Student: 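Once you've had a glance at the structure underneath, I'll fire off some questions.
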Amino acid sequence: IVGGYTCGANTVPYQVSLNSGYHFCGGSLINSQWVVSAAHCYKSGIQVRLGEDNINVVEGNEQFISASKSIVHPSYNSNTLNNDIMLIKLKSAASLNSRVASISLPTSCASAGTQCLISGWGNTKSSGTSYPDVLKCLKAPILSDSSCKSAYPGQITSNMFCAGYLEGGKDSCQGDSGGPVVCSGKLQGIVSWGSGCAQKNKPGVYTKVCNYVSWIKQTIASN
Ligand SMILES: [Ca+2]
């Protein structure tokens, strides 16, 4: 997260870290046994880390659970990142509390102008690299579809939306991928891609979770 603020330990209880020896992506706990992330985050040997603030320090509220199954969306295209969404089942159900909580899926697609919260452990710089240990948070509006397609000619699909600021300075970034975009208490997006980070006229592009609710629900019900 570039240009954000420190969230506070466990203030974002649905945020998760995907770990394969090291943090490489974020995710969202949507029930006690399932996590949503970005398909381009796929790899084998994932351990899901719930309850994290400093991902380099055991602080007391962590739950470390291995994945038993990863399900990339059937129509994921790694060239275009269309349908950048993946489901992860935990080997064991998490223990849900104040600090480890699921986030609800949407009944409705959120509209442009809605303010949302983005979070993750990604790069905090637009030029160069400095990765934080504690969770970073960004409030940002969904941008209209027209602005989004204007900034990214020929690249936005019905399954993506832009959020952020055309002026630059505030954005998600590398290492935030897979993480949550929450609007009015609902998971509306997944950190997916962008042209650099926090550049002007290059806002962040997010998977549009409101299109995948039925796939998520019938996938969870059969696995
Ligand atoms: Ca920790």
Side-chain angles (χ1 to χ4, degrees), residues 7 10-21 23-53 55 61-76 78 81-110 116-122 135 159-161 172 175-192 206-223:
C7 301
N10 303 126
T11 56
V12 190
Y14 52 79
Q15 170 84 48
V16 317
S17 169
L18 304 187
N19 183 294
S20 60
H23 165 94
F24 67 98
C25 277
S28 298
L29 191 70
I30 60 166
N31 63 44
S32 68
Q33 254 195 126
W34 291 85
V35 165
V36 189
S37 195
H40 84 258
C41 284
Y42 164 84
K43 67 165 85 180
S44 36
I46 294 163
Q47 181 186 82
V48 169
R49 309 205 149 187
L50 321 178
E52 284 289 19
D53 189 39
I55 50 167
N61 292 294
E62 299 97 340
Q63 295 178 41
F64 293 164
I65 307 175
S66 277
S68 63
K69 176 181 268 189
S70 293
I71 306 161
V72 170
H73 188 272
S75 292
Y76 169 60
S78 61
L81 298 187
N82 194 24
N83 307 304
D84 190 16
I85 185 166
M86 165 183 64
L87 289 164
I88 289 161
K89 195 186 188 180
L90 309 174
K91 270 226 214 292
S92 325
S95 188
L96 296 187
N97 47 81
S98 271
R99 302 178 173 267
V100 177
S102 66
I103 185 65
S104 296
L105 288 179
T107 51
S108 39
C109 305
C116 306
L117 175 73
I118 308 166
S119 45
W121 287 279
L135 190 61
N159 294 308
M160 290 166 217
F161 70 84
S172 54
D176 290 324
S177 297
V181 183
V182 170
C183 322
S184 299
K186 307 304 170 80
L187 180 67
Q188 288 286 357
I190 301 169
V191 180
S192 176
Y206 297 89
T207 308
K208 199 177 206 219
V209 176
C210 81
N211 294 349
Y212 298 94
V213 170
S214 69
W215 171 74
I216 292 169
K217 279 168 167 201
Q218 73 191 219
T219 294
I220 288 166
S222 315
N223 281 279

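Throughout, numbering of the chain's residues begins at 1 and tracks the sequence. Quick note: numbers below take in every heavy atom, side chains included, and nothing from hydrogens, waters or symmetry partners.
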Student: Drop me the distance from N31's CG to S104's OG, to the nearest 0.5 angstrom.
Tutor: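 If I round to the nearest 0.5 Å, the distance is 10.5 Å.
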Student: Quick check for you: to the nearest 0.5 Å, what is the distance between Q188 atom CD and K208 atom NZ?
Tutor: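 Taking CD in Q188 and NZ in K208, the distance rounds to 8.5 Å.
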Student: Just wondering, do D53 and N61 contact through their side chains at under 4.5 Å, heavy atoms?
Tutor: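 Counting from C-beta outward, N61 and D53 never come under 4.5 Å.
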Student: With the side chain counted from C-beta on, respond yes when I30 and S102 share a heavy-atom pair under 4.5 Å apart, and no when they do not.
Tutor: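 Contact flag for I30/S102 side chains = no.
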Student: Any luck finding a side-chain donor-acceptor pair between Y212 and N83 under 3.5 Å?
Tutor: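 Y212 vs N83: donor-acceptor pair found between side chains.
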Student: Test side-chain contact (heavy atoms from CB on, under 4.5 Å) on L87 and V35 and set out the steps.
Tutor: CA-CA 6 Å; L87 289 164; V35 165; over 6 Å; no
Student: Assess whether side-chain contact (heavy atoms from CB on, under 4.5 Å) is satisfied between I190 and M160, documenting all intermediate values.
Tutor: CA-CA 9 Å; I190 301 169; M160 290 166 217; over 6 Å; no
Student: Please tell me whether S119 and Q15 have a donor and an acceptor in their side chains that are separated by less than 3.5 angstrom.
Tutor: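 There is such a pair (donor and acceptor under 3.5 Å, judged by atom type) between the side chains of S119 and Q15.
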Student: Should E52 and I55 be marked as a side-chain contact (heavy atoms from CB on, under 4.5 Å) after you check the CA-CA gap, both sets of side-chain angles, and the distance that decides it?
Tutor: CA-CA 6 Å; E52 284 289 19; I55 50 167; 4.1 Å; yes
Student: Just by distance, with hydrogens left out, do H40 and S177 show a side-chain donor and acceptor under 3.5 Å apart?
Tutor: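 Yes.
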Student: Between atom CD1 of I65 and atom CZ of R49, what is the distance when rounded to the nearest 0.5 Å?
Tutor: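 Between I65 CD1 and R49 CZ, I get 11.5 Å after rounding to 0.5 Å.
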Student: Taking C-beta and beyond as the side chain, do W215 and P74 meet within less than 4.5 Å on heavy atoms?
Tutor: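 A side-chain contact exists here, since the closest heavy-atom pair is under 4.5 Å.
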Student: Going by heavy atoms in the side chains, are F24 and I46 under 4.5 Å from each other?
Tutor: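 In short, these two side chains touch, coming nearer than 4.5 Å.
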Student: Identify the heavy atoms of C116 and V181 that sit nearest to each other, and give their distance.
Tutor: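 That would be CB-CG1, 3.9 Å.
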Student: Under 4.5 Å between any side-chain heavy atoms of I71 and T219, yes or no?
Tutor: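 Yes; the side chains approach each other to less than 4.5 Å.
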Student: Decide yes or no on side-chain contact (heavy atoms from CB on, under 4.5 Å) for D176 and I118, but give the supporting numbers first.
Tutor: CA-CA 9 Å; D176 290 324; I118 308 166; 5.8 Å; no
Student: Is the closest side-chain heavy-atom distance between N159 and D84 below 4.5 Å?
Tutor: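 Answer no - side chains too far apart.
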Student: Can you tell me if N10 uses its side chain to pair, donor with acceptor, with the backbone of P13 under 3.5 Å?
Tutor: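 Answer holds: no.
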Student: What I'd like to find out is whether the side chain of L135 reaches to under 4.5 Å of the side chain of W121, using heavy atoms alone.
Tutor: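 Yes, side chains in contact.
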Student: Show the nearest heavy-atom pair for residues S37 and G26, with the distance to one decimal.
Tutor: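 Here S37 and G26 meet closest at OG-O, 2.8 Å.
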Student: Is the closest side-chain heavy-atom distance between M86 and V36 below 4.5 Å?
Tutor: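 A side-chain contact is absent here, since even the closest heavy-atom pair is not under 4.5 Å.
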Student: Are more than 12 heavy atoms from other residues, nucleotides or ligands located less than 6.0 Å from atom OH of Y76?
Tutor: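 Atom OH in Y76 is crowded, with more than 12 foreign heavy atoms closer than 6.0 Å.
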Student: Just how far is it from atom CG of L18 to atom SG of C41, taken to the nearest 0.5 Å?
Tutor: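 SG of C41 is found 6.0 Å from CG of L18.
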Student: If we ignore angles and hydrogens, is there a donor and acceptor under 3.5 Å between the side chains of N223 and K69?
Tutor: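 A pair is found: one side chain offers a donor N or O, the other an acceptor, under 3.5 Å apart.
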Student: Would you say the side-chain atoms of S172 and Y206 include a donor-acceptor pair closer than 3.5 Å?
Tutor: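 A pair is found: one side chain offers a donor N or O, the other an acceptor, under 3.5 Å apart.
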Student: For the pair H73 (side chain) and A39 (backbone), establish whether a donor and an acceptor sit closer than 3.5 Å, ignoring hydrogens and angles.
Tutor: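 No; zero donor-acceptor contacts below 3.5 Å.
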Student: Quick check on side-chain contact (heavy atoms from CB on, under 4.5 Å): which of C210, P106, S108 does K186 satisfy it with?
Tutor: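 By the side-chain contact (heavy atoms from CB on, under 4.5 Å) criterion, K186 pairs with just one of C210, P106, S108: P106.
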Student: Show the nearest heavy-atom pair for residues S192 and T207, with the distance to one decimal.
Tutor: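 It is CB-OG1, 3.8 Å.
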